[PDB]
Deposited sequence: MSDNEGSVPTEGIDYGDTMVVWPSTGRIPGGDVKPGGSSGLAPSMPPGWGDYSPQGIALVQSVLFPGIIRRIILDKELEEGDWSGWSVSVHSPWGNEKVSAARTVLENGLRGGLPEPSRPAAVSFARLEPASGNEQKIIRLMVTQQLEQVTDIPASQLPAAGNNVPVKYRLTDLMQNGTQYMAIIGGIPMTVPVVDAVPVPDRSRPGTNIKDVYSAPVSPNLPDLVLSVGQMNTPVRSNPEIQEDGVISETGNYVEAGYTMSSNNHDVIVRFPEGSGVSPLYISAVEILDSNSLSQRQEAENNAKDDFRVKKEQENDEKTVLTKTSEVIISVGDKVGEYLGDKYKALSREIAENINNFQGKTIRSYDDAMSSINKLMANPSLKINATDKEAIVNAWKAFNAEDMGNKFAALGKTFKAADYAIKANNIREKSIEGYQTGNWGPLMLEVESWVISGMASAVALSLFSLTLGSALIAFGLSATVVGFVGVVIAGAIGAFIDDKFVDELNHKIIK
C-alpha cells in the first residue's frame, strides 16, 4: 500500500527492475511436505538480514520465502541511531514538514549479476515504532499512525538503511493468515502464518513458533554487503524505490502473536544508485524551489494586505467607514489571492473606465499638480529594495525598474487620464513570467505605500484613495469598482 501517507513527502523512484540479470515440480528435495519453503533465517528485532526468494528451489525445495520471528536477542544498531534521532529532534527538523533520519547500516552495492531476488529485512516490535496499543490497531488494509520507521537513505550515491521520524508518519496494517499443511490436509501448519510483506513478491512465511528458544550463536550476525555503522542527524530521502515496503503484520484471531513491524528493502546496484541519486538531487532542488516561491509569495501578499488596510484606515477617517470596509475586502482578496490569476487587461480597463467615467470623480489643476509632483519625488529605487527594510518582500532589484514605471505611468493618467500604460505594465509583468499574486502585491504596495507617505491634503488623499482602490480593485473584481461609484463617491 501507499495510502493517505503520501510517502511523508516522498516521490516515487520506479525501481531499476529486480535483478535477475547475470527439473520440476517443487517439493522433490529433502524438505518437509507441509508445503512451505525452508526456514532460511531468523528475524531478531533491529538486526538486518539478507533474505533470498526461492533460496533452494533448484536444490529441490518448495516455492518461496520463510523466516523465523524471534524475541529480543543480540547486538542491534537501531537503538543507537534512534538515540541520535531523538536527540537531534529536540533541535528541530533539518527540513520542516519532512522527516528526519539517522543511518544504522551502510550498504555495499549489489553486483547486478544475480538471478535471485534478495531482500534485506528488518524487524521491530509494535511498541518500538508506535504508541497505539496492539489491541487498538486498525483492521488490515488501513494505515496505522507511527512514530519511527525503518527505511533506506540515499546518501551521496551510496545507499544507507536509516530510522526516520519527526513528522506525522503512517504505516499499512496487513494480515497474517495461517498456512495449510500440505502433508496433513484440513489442518493448517501450527504456528506458521503468511503475510504480504511483498511488494510484487510472494507472501513471506513467518514461523513464530520458537520465538523464545535459546540462541547461542554469537550476538553479532554480520551480513555480507551490510556494514553496520551509526551516523549523524540528516534530512530524510525524497524518493521511495518502488520495490521497497514496510508494514505492520497483524497475526490471527487468537494466535497470541503480537504485531510485528517489518521492513523489506532492495539492495540497489552501481548504476541504479546514480539513477536514484539524480532522482534524489532533482526531487530535492524542486522542493527547494517550490518552497521559497510560495513562502516569498505569502510574505508579499501579507505585507500588501496590511498596507491596503492602512490605506483603508487613512483614507477612511476622511471618506468614511464604507470605504474602510471595502479595503478589508481588497486586502482579504489579496491575502488569499495565492494561486489565483489577476483579471484580464480588457476586463480591468473596462472597470477603471467605469470609475473614471463617474463625473463626481474629478480633481482641480492645483490638486492634480500635487499628486503628479508627489510621484516625481517618489524613490522608486527604495520601493525596489523593499524585501529588506520591510522584511523579505519580493526578490532582486529588477523591481526598482518596475516601481519606476508605475510611477511615470501613474503620473500620466493623472496628467492625461490615460491609465492604459499603467494597467498594461502590470499585465506585462505577468506575461513575461511573474506570478499574478506577486504582480498584484508590487502594484498594490507601490500604490498604497506611496499614498500613506505622500505629503498631500485631505481632498487629494481622498481622490488618490479612490483611484488606487478602483485600480487594485479592477485586477481582482468588478465588485470593488461598483462599491466605489455607487456607494462611496456618489
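Going by the record, the unmodelled stretches of the deposited sequence, in order, are 1 to 9, 32 to 43.
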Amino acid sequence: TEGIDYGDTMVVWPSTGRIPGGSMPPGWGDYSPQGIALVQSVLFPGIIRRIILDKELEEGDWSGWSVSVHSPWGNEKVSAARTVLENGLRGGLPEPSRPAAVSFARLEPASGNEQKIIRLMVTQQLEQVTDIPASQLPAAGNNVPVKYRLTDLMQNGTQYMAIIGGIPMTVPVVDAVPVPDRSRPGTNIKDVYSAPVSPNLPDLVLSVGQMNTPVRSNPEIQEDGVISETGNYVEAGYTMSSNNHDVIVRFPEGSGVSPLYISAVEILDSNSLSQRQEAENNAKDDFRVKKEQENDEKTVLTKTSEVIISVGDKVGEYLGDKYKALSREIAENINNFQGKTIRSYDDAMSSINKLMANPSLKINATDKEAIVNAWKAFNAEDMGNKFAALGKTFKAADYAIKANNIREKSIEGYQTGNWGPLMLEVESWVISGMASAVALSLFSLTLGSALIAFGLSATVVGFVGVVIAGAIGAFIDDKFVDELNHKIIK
From here on, numbers count along this sequence of modelled residues.
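Relative to its counterpart among 341 to 349 and 213 to 221, 213 to 221 has the higher mean temperature factor, C-alpha atoms as listed in the PDB entry. Taking the PDB entry as given, 452 to 460 carries the higher mean Cα B factor of the two stretches 452 to 460 and 436 to 444.
The residue among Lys362, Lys409, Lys402, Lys290 whose C-alpha atom has the highest B-factor in the PDB entry is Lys362. When the C-alpha B factors of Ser183, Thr187, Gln124, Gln415 are read from the deposited coordinates, the top value falls at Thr187. When all modelled residues of the chain are sorted by CA temperature factor, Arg328 is found within the highest third.
The PDB entry assigns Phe475 a C-alpha temperature factor belonging to the lowest third of its chain's modelled residues. In this PDB entry, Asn335 carries a Cα temperature factor that places it within the highest third of its chain's modelled residues. Annotation for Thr130: C-alpha temperature factor in the lowest third relative to the rest of the modelled chain, per the entry. Among all modelled residues in its chain, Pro199 ranks in the highest third by Cα B-factor.
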